[PDB]
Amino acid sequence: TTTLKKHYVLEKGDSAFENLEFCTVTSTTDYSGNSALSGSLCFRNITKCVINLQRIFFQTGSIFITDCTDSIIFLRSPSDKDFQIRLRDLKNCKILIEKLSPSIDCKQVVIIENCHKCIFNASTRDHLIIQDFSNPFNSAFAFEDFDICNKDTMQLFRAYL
């Protein structure tokens, strides 16, 4: 069973969102700023959703997205140089990953595994390091321009879903 047409609001303490279809997930505007030292977020079985997290409520840790199709993924990762974003079994997703960092040559590593036809926004090219760990020692991803719709979650919903 999946849940349809629900807006999920990320709050501190939440760590998992699963079995979503034509849903949205966004960061809460309330209790903002307060963060835990370490955390982890996991998304699993996501279809035709908009994930738009402009605020993460842990300083260090990871975001995992697994089994995700035809979705929009906007993430604003913490400044933590070692922050992890691991993407597995993504198909036909548009991705905007930015890092909230005052660092000069700020880079966000993105680990991908078994992804296909993923589009990373071209604006993020110089800031991401994509490492394909599918079969560790081409059409997995590409960098293209697309309208980010002012990062308005429902506009993205209407534009791409």
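We number the residues from 1 along the sequence you see.
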{"query": "Length class of the unmodelled deposited segment, which would lie between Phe137 and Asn138", "finding": "4 to 9"}
{"query": "Stretch exceeding the other in mean C-alpha B-factor - 45-53, 23-31", "finding": "23-31"}
{"query": "Mean C-alpha B-factor comparison - 60-68 and 100-108, higher one", "finding": "100-108"}
{"query": "B-factor third for the C-alpha atom of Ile95 within its chain", "finding": "lowest"}
